[PDB]
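For reference, the chain that follows is the form deposited in one PDB entry, supplied as structure tokens.
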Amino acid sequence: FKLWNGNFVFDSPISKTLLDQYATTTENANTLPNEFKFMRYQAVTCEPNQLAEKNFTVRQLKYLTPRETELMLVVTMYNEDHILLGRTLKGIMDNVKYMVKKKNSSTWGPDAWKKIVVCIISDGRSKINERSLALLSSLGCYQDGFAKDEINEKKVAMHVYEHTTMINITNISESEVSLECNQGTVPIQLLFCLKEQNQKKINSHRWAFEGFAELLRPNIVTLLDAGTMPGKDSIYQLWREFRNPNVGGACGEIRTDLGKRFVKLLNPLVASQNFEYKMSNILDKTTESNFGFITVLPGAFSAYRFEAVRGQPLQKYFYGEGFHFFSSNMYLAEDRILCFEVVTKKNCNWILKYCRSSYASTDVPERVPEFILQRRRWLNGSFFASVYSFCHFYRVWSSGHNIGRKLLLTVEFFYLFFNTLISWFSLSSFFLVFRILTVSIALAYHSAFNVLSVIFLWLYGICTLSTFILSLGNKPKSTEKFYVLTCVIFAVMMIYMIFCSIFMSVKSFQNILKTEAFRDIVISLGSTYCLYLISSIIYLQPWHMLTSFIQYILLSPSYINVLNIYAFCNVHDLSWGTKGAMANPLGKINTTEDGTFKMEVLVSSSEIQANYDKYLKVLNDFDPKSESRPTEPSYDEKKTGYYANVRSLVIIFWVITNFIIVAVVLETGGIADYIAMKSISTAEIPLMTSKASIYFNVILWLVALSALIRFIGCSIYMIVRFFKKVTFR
């Protein structure tokens, strides 16, 4: 044929079956648009930022009247099953169908499907699941055969398939994705585009933001994820938060998919994540949404105003600039740098909201090795984005916000830093609460609490040493049975700690009715748990405070110890130099039956003598003093050596600063020996001092203060939403 100005663009038909199905939808089979009968394949052979320059287009811009996209739903996928992708697509099509049935809308209506463009971006053709390709092909958005690797000695970077389908998923069973095309389906503009090389997930967003977003010029860019099924109208509810111009990015609630009839609650790891997510979306997102800066907008379900992110925010997201600390480690916070650069944008008053009435059930890990590896990225990004946000807090005052909002933002950044400092010292805080609570009960009532205080300290020491060693030089999949054992041991430690607290609390009552432990029950059961329960109730979602709350408590020591140790030990995912330099090729010999071969060799006396003199002048012009500089590292081998140095100086600084607090409260590290020796000069060490009780009270009142601030934030969020509801009635 002929290509489209240096671009391979083939406009092929779909199939007889799909055409018949689509024709059943319309009242007249003759009047079927030109978008449902074809599937335009393009071979993009350039960078995403050069898409418009290299004359690559999409089908939305080639209509007689160009379509103005209002939502660009972006579904990043990689090796996900057809059930995970089908679950995400069913939510999108339910949202589009809901957004078409609306009547009292100035944006949505009978022709609302032309404003949404669904853009599935798979990460590598070699890694995509064949069942996912089968599902996309059954939707009319993928045909086998047109996947050319190279176009005019230019490698193809992406294969872009686009087809406005009429097929909608209507049911996702455990093994079946039901695809009906009746009179009650809506068209979906599919733009499934899969890469050739697996260039991670940030590059998928680079393709969706610097690439197709530039051509589409959408208003909002909702970033879904493969496996994350939004609600019946959650994307529409998330889009409703952009009615006021100030919002330049919003996020919804992400729930946990508990399976058929809540079957996954039996898994203690899934139930713990359920409660953690519910608390994150009741106390963290609601509190941060009041100030106007949400720490992370989840990549699984979030929406950005395109105008808000275009420019400096996306510039630091993708490139972000030597080996400097804030420029070489900025990639740890993948999409958390996109939230800080939008709120703190020069001459722009952007804020981030959290939509309570827009949910999206996701798929969470069910196994410890898969759960630990996920939270390493989460913890590393959250730590590196909090350090970046606090250090660059002066950029709030260089933005276009008013003074009233700037003050709230700088108050929130201090609170976020205080939370970061609490989470940094959690390794020492848990050990000190455990060690003070199990020693102060062995002094008060002795009996078997004596040897139990030594058994559980040694068990802690062994489980923490082994976690440090298995995290620095071993993989979680290598040792799955030990990480589960460590989680079980820390759960036993938490059970013992709770028992000790209840015992010393009931004994204090029976001593008064017939102190550090007297106010220990109005600090962690009445001021902390009751506030969580009330916050969950006022959120109108209290059913997780009993279904999945014990598994969270029993697994919290694993969150503090196993999870943070592994996150801090694998900061940078090192690989070390692996090049394998190759020598210059030499000649070839291919003998015959008798073995005679060509003669092109050197036998001449002069020719041999010249080589001998060449090897004789090398020995004669060595010149040791002017020794050539030893070959210095490359960049990938020099850059790994810096990531290793940053990684190790973080573990050392995090272990030493946590131990300094343990060395001050419990007087370990020779501190007690030194104090006793001074008294000798002017010979015994006390077991428990007065610093231990003061620290215990302080570290359990900080937990109550954080819960109280989070409760106040949640209440303010709910009250403001209720007032915006009573005024829009």
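Note that residue numbering follows the sequence shown and begins at 1. Here the rigid core means the biggest group of C-alpha atoms that line up within 1.5 Å when the two forms are laid on top of each other.
In the record comparison, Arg435 is modelled in each of the other entries of this protein that model the residues flanking it, with no third of them omitting it. Of the other compared PDB entries of this protein that include residues on both sides, at least a third leave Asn511 without atoms.
Going from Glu321 to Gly322, you skip over 4 to 9 residues of the deposited sequence that the entry leaves unmodelled. Per the record, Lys514 and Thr515 are separated by 10 or more deposited residues that have no coordinates.
There is another form of the same protein, the form deposited in another entry; it is not shown, and what comes next is about it.
Rigid-core fit between the shown form and the other one: of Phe659, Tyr642, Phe597, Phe390, the one residue whose Cα shifts 2 angstroms or more is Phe597. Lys614: CA moves 2 Å or more between the shown form and the other one after rigid-core fitting. After superposition on the rigid core, displacement of the C-alpha of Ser357 between the shown form and the other one stays below 2 Å. Here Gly299 counts as shifted, since its C-alpha moves by at least 2 Å between the shown form and the other one after the core is aligned. Relative to this form, in the other entry the C-alpha atoms of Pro298 and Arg376 approach one another by 3 angstroms or more.
Distance between the C-alpha atoms of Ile523 and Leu379: longer in the other entry than here (change of 3 Å or more).
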